[PDB]
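Enquirer: Below you will find the structure I want to go over with you.
Cβ placement follows ideal geometry from the backbone for every residue including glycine, while neighbour counts extend to all protein chains displayed. What follows is calculated from the coordinates using simple rules that are stated; it is not laboratory data.
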Amino acid sequence: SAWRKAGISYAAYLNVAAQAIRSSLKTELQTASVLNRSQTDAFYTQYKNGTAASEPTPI
Amino acid sequence: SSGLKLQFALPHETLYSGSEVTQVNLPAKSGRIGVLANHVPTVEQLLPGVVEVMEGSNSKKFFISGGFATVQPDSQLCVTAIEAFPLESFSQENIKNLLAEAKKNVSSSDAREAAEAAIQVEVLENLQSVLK
Amino acid sequence: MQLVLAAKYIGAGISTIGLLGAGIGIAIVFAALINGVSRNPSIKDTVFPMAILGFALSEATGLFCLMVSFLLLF
Amino acid sequence: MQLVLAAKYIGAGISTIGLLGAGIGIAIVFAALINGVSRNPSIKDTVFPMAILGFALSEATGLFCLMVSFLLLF
Amino acid sequence: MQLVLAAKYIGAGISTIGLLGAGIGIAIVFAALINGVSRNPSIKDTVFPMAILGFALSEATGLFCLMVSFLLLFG
Amino acid sequence: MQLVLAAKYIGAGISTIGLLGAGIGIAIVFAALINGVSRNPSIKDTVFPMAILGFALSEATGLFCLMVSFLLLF
Amino acid sequence: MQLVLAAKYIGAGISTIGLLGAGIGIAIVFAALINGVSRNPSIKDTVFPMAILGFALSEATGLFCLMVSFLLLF
Amino acid sequence: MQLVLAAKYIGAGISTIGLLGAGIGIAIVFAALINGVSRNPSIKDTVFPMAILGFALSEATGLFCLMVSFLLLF
Amino acid sequence: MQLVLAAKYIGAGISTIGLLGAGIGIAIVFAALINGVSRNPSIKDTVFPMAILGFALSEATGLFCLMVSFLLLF
Amino acid sequence: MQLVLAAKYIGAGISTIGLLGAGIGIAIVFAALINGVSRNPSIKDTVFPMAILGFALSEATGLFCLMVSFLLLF
Amino acid sequence: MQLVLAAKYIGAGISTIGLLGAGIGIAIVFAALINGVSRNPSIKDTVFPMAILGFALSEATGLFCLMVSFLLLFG
Amino acid sequence: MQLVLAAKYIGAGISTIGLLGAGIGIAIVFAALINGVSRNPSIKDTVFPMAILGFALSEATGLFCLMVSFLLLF
Amino acid sequence: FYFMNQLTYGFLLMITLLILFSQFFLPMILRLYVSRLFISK
Amino acid sequence: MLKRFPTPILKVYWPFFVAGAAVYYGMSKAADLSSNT
Amino acid sequence: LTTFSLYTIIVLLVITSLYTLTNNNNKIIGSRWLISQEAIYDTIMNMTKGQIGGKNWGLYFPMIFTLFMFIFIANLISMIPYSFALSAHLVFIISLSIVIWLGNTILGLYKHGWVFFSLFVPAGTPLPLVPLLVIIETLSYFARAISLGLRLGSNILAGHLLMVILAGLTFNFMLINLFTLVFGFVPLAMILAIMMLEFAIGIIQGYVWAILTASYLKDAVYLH
């Protein structure tokens, strides 16, 4: 569908498609690698040098 | 160059690093194009589809999760991928349908999230087409 | 009837021309069908009946012209 | 009177030329419809009714030509 | 008089073929409308009233050819 | 007074033949408008007056053919 | 009958133009075929019978023009 | 004399048929300008004058047809 | 018997208009062929046979029109 | 002399049709020029001249047709 | 004796219009050749002989109608 | 006598229409040339000689039409 | 044929419109421009 | 409101005016030549 | 006082009673009438920059404005079935085109002299191609001037007569049919459509005339 205006960017669209393949992958294919791909614990702070601190926004 | 070489790679592990190929299917935004030898340099977006790697051994298929199909004038086919469809073990109907039904509920949650949800449902239906 | 029959014959001959449009109709309907199916295999099943209806109606128009040309003959 | 009916038949035959428009019009309408439906199946439901309406209007122009030819036949 | 009416008839018949151009014009307008709505579903609401306008203009030209044929017939 | 009037009518018809090009032209200009605005939603205000102007040009072209027809009518 | 025969000949000559449209239509169908197979060589087998059917339907217009011309002549 | 004026009228009418191409031409010129502004909105100012130039040239063709028709008339 | 033979001359001359369609059909099949070969250098071995076959099918209409013109002449 | 001048006028009216082709041709040349310049602003300087010359003598073809019509008139 | 030559001239003149389609078809073949050469400079060796063959073949198609007009004139 | 000259003039006028195809063809040749040089400027040097060659070939077809019209006149 | 009191009168009409526009409402539009310009400052 | 701020009325509009005058001289003689009354 | 002259008096009566006869709020707004012409005034003023701009676009602005006003007003009240619009002759529209061209060249000949002849050769077209281009360019200069005048007047004539011709048909239809209903309102429906077209076309053709006369002014002042 629309991922530029309706979505965010091609990167987000591709990441959602990859998460689609990984999460919908069959049981025997599931391993530690796909768990790490699913795992995401980044925090977006966006340091307020002037202003606009995002305060550890979750990934 | 002699035939075509395919650099099909996945971030967990590369699939092909220039292996000689008899013919490549590249389901793209416009449509799949068969590149097998020489051809012209091209840049193109790989829509989620079955990138079947036809070879003299067998015509093994792979459903891509997305990428870019680009061609170099030296008969080079650089296909960058993320997640493949190994043979047919990738097929799992129940969880695909479960994700499609459970998350189409949030297909109208919030602009960007809603659009990404609809896109993921669409690629799940693409997998269902690959499910056979 | 001399002039009348002459005009009827030439009228049928000139009414024959609607087959041009009927043929172009069928032809580009099939051409677009070919392009679409070659660009997408799955959509072939759902685009085939639409093309069927399209050239069926084009041939119906051609048949209308054929009928009008025929009545000028008999 | 003989020339009157003769040219009446000639005029009907030459008025039937307008069906070329109806034919290649439904042609190009269905070609665009095939292209659009093959582009993405989602738009098919929205695009089909107006394509059918356009077919109806093009063949309505063709039917206008046919009716005027009919007036030059009876 | 007979030849005058005969010429009126054939002139009307030849003038009728403006409906050919009217139909092709409306057809190409609808074809562009189809392509636009397929490529950009959002632009459909912006382009539809314009498409109705263009349809009306082309069919007006064709209908006016029809009235030219009518006035050749009855006048 | 007979043959001259007949040829006047025939010339009027074969000059009314001219509106075909005007209709096809206005329609294709507007079709280009459709495609351009569909690809680029932000260029509508820039391209709409241009396409309307091209419309007026082609319509005045067909109206010129129409006037050439009228001078052989009254 | 003499002028009737002359008009038969001229009307047959007029009616023989439909093969123009038949040939141009079958040729645009073939052009779409070859463009599609150039894009996707795998769809060639699927598009072969549909395109043959489209060719036959397009040439049906030329066949109808032939039978009209034959009726005009004999 | 009467046949001379009759053929003058029919020659003017059949001279009128050369301006459909002028209309189609100015139309496709404006259509290409719409397409180009769609692709390259910035280049519109540079590219516009050639549109009017081509319009003037095709209108010159159409009024050459007019000149033939009018000299055939008066 | 001069009028019937004159009209068959006229009809044979008219029958030679299908050359337009035959030539443009050969043209479009070869044009799409050359475009596909240039864009896909490795598709020639399978497009050339069907390209020639489509050319022959297109030329069928033209040769038939010339044959009927010849039989009208003789 | 009556029929001679009559058919001279008819032939001139038929001959002036070349401006249709001249206009269509110069317009397709302009359309390609605009498309290329919008797609390639840098090419404008080196694509202007032969385009200018080409549509110039494409108009010269219609001018030759107009001159044939002139000699038919005079 | 006059109507026969008159119709010979008429038939030849209405046959001459056949070369129109032949010429435009030759040139559209050539246009696609230009497009293919531009989109693939390395394909010229393969595309030139086939395009020349299509040229000469459409030219023969037009010239046969030209010969028909010539036999209408002088035969 | 005078009828022969009249038909000669009308045949030359009808033959003059043969230049339309030459114009449309030469113009489409330069149109593709413009598009190609706009795509890649490097191709212009290797296409210009054969481009003007095909140009002159279409012009030669048009000149054949004009020469047949002239030998009709003279 | 009849041209005396129309074409010369047409250019006189253009002159009158020229006066009543460029001397009256062009200064009016300009005056509101500069008026609000100095209103800000 | 109607405050008359001077603007070009005749200083630069002379060419079309003298063209009109040159038209006028001859523009009445054309009617005189083709009187047909 | 011919029909042309009395019509011309009616034109100026309407002209003054839109913007000259409001003149009371001492503001830029306060009457939607004022918003109307300044909208048109701004559309042509920015158009004057876009077409004539660079040295003297505002110098020649009023003529394009006055001509656009003249065509605009003459096309507004032209639909009523008894509109004897512009004497049904429209010969002055040709005359306006003739004088506009004739003034255009004198400005060109005054501002360029012999250089005005260099306009026929824009960029290339060498000596073998010089006579062909100067013939096309010079004949074109006559060509679009006469075409501009005839196209506007004829279509106004064409529009006015297609008012009457269709109207007579409606009179025939409403007199013959006894009890049915679909015989006269559909012809009335086309009358409603064909009148909107004639009103519409006059608006744009006035704009087209405004753009065209602007376009020829560029060629006179600027050589290309």
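Enquirer: Can you compute the equivalent ellipsoid semi-axes for the range B:1-52, i.e. the square root of 5 times each eigenvalue of the Cα gyration tensor, sorted largest first and rounded to whole Å? It would help to have the intermediate numbers written out before the result.
Expert: Working: eigenvalues 57, 53, 17 Å².
For the range B:1-52, the ellipsoid semi-axes come out as 17, 16, 9 Å.
Enquirer: Rounded to a whole number, what is D in µm²/s for chain A from Stokes-Einstein with the Kirkwood radius over alpha-carbon pairs (10 °C, 1.306 mPa s)?
Expert: Using the Kirkwood radius from Cα pairs, D works out to 115 µm²/s.
Enquirer: Order of B:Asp110, K:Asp45 from fewest to most other C-beta atoms within 10 Å?
Expert: Starting with the residue having the fewest Cβ neighbours, the order is K:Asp45, B:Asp110.
Enquirer: I would also like to ask the following. So which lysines can B:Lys5 reach, going by Cα to Cα under 19 Å and dropping same-chain residues fewer than 8 places off?
Expert: B:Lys60, B:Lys61
Enquirer: Would you mind computing, in nm to one decimal, how far apart the modelled labels at I:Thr46 and M:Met4 are, each placed 7 Å from Cα along Cα→Cβ?
Expert: Taking the simple label geometry, I:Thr46 and M:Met4 are separated by 8.7 nm.
Enquirer: Then there is this: Within chain O, how many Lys pairs that are eight or more residues apart, or on different chains, come under 22 Å at the alpha-carbon?
Expert: Taking chain O as the scope, the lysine pair count is 5.
Enquirer: What average count of beta carbons from other chains do you get within 10 Å of the Cβ of residues in B:24-34?
Expert: That works out to 4 on average.
Enquirer: If I take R0 = 51 Å and measure r between the Cβ atoms of E:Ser42 and B:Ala37 in this structure, what FRET efficiency does the formula 1/(1 + (r/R0)^6) give, to the nearest 0.05? Each step should come with its number before you reach the end.
Expert: Details: r = 42 Å, r/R0 = 0.81.
E(calc), rounded to 0.05, equals 0.75.
Enquirer: Can you tell me the FRET efficiency between G:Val4 and O:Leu161 if r is taken as the Cβ-Cβ distance and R0 is 35 Å, rounded to the nearest 0.05?
Expert: Given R0 = 35 Å and the Cβ-Cβ separation, E is 0.25.
Enquirer: Considering every Cα-Cα pair within the range O:113-224, what fraction, in whole percent, is farther apart than 21 Å?
Expert: The answer is 59 percent, as a whole percent.
Enquirer: Let me have the 222 nm mean residue ellipticity of the protein assembly as shown computed from DSSP H runs of 4+ only, each contributing -39500 (n - 2.57), with the sum over all residues rounded to the nearest 500. Present the calculation step by step, with values, prior to reporting the outcome.
Expert: Values: 43 runs with 914 residues, N = 1235.
After summing the helix terms and dividing by residue count, I get -25500 deg cm²/dmol.
Enquirer: Further question on the same structure: Pop a pseudo-label 7 angstrom from the Cα along the beta-carbon direction at both B:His12 and A:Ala42 and give the gap in nm to one decimal.
Expert: 2.1
Enquirer: Separate question: Need the list of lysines near E:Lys44 for cross-linking: C-alpha distance under 30 angstrom, and skip anything on the same chain fewer than eight residues off.
Expert: The reachable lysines, counting only those whose Cα sits under 30 Å from E:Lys44, are A:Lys5, B:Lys29, B:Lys103, B:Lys104, C:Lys44, D:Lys44, F:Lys44, H:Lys44.
Enquirer: While we're on this one: Please compute the contact order of chain O in relative form: average sequence separation of alpha-carbon pairs under 8 Å and at least six residues apart, divided by the residue count, as a percent.
Expert: 31
Enquirer: Given bins 10 angstrom wide, list per bin the percent of all Cα-Cα distances in the protein assembly as shown, short to long.
Expert: Percent of pairs per bin, in order: 2, 8, 16, 21, 19, 15, 11, 6, 2, 0, 0.
Enquirer: What number do you get for chain B when its Cα radius of gyration is normalised by 2.2 N^0.38 Å, N = residues?
Expert: 1.15
Enquirer: For the ranges M:9-15, L:18-24, what's the packing order if you count other beta-carbon atoms within 10 Å of each residue, average per peptide, and put the highest first?
Expert: Details: M:9-15: 17.0, L:18-24: 30.9.
With the highest mean Cβ count within 10 Å placed first, the list reads L:18-24, M:9-15.
Enquirer: In chain J, what is the volume of the convex hull around the alpha carbon atoms, normalised per residue and reported in Å³?
Expert: Once divided by residue count, the hull of chain J is 48 Å³.
Enquirer: Further question: Can you give the average number of partner chain beta-carbon atoms within 10 Å of each beta-carbon in peptide K:50-60, as a whole number?
Expert: Rounded to a whole number, the mean comes out at 5.
Enquirer: I'd like the distance between the alpha-carbon centres of the range D:13-59 and chain G, rounded to an integer number of Å.
Expert: Rounded to whole Å, the Cα centres lie 21 Å apart.
Enquirer: With equal scatterers on the alpha carbons only and no solvent term, can you work out the Debye log10 of I(q)/I(0) for chain K at 0.13, 0.26, 0.27 1/Å?
Expert: Treating every Cα as an identical point scatterer, log10 I(q)/I(0) equals -0.51, -1.05, -1.09.
Enquirer: Ranking D:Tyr9, O:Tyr82 by Cβ neighbours within 10 Å, fewest first, what do you get?
Expert: If I rank by nearby Cβ atoms, fewest first, I get O:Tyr82, D:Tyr9.
Enquirer: Taking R0 as 51 Å, what's the FRET efficiency between O:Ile35 and O:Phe173 from their Cβ-Cβ distance, rounded to 0.05?
Expert: Once rounded, the FRET efficiency stands at 0.75.
Enquirer: Next up: If each residue of separation counts as 0.36 nm, what is the full-extension length gain between O:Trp114 and O:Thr22 once their alpha-carbon separation is subtracted?
Expert: Values: separation 92, 0.36 × 92 = 33.12 nm, distance 4.98 nm.
Full-extension gain reported as 28.1 nm.
Enquirer: How about the range O:4-103: which trypsin sites (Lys or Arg not before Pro) there are in a DSSP loop, with at most 15 other Cβ atoms within 10 Å of their Cβ?
Expert: Details: sites: O:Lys27, O:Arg32, O:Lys49, O:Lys55; in loops: O:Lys27, O:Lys55.
Loop-located and lightly packed - O:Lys27, O:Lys55.
Enquirer: Using only the alpha-carbon atoms, how far is helix O:32-52 inclined from the longest principal axis of chain O? Give it as 0 to 90 degrees, nearest 10.
Expert: Helix O:32-52 sits at roughly 30 degrees to that axis.
Enquirer: Could you put O:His224, B:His39 in order, starting from the residue whose Cβ has the fewest other Cβ atoms within 10 Å?
Expert: O:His224, B:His39
Enquirer: Taking only Cα atoms, what is the 0 to 90° angle, nearest 10, from helix L:19-39's long axis to the longest principal axis of chain L?
Expert: The angle comes out near 0 degrees.
Enquirer: Which angle between 0 and 90 degrees, to the nearest 10, do you get for helix B:93-103 versus the longest principal axis of chain B when only C-alpha atoms count?
Expert: 50
Enquirer: Still on this structure: Straight-line reach from A:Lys26: which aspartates and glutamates fall under 16 Å, measuring Cα to Cα and dropping same-chain residues less than 8 apart?
Expert: List returned: B:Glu83, B:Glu88, B:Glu93, B:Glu125.
Enquirer: At 7 Å along the Cα-to-beta-carbon direction for both B:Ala114 and B:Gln72, put a label point, then send me their distance in nm to one decimal.
Expert: Between B:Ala114 and B:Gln72, the simple spin-label model gives 4.4 nm.
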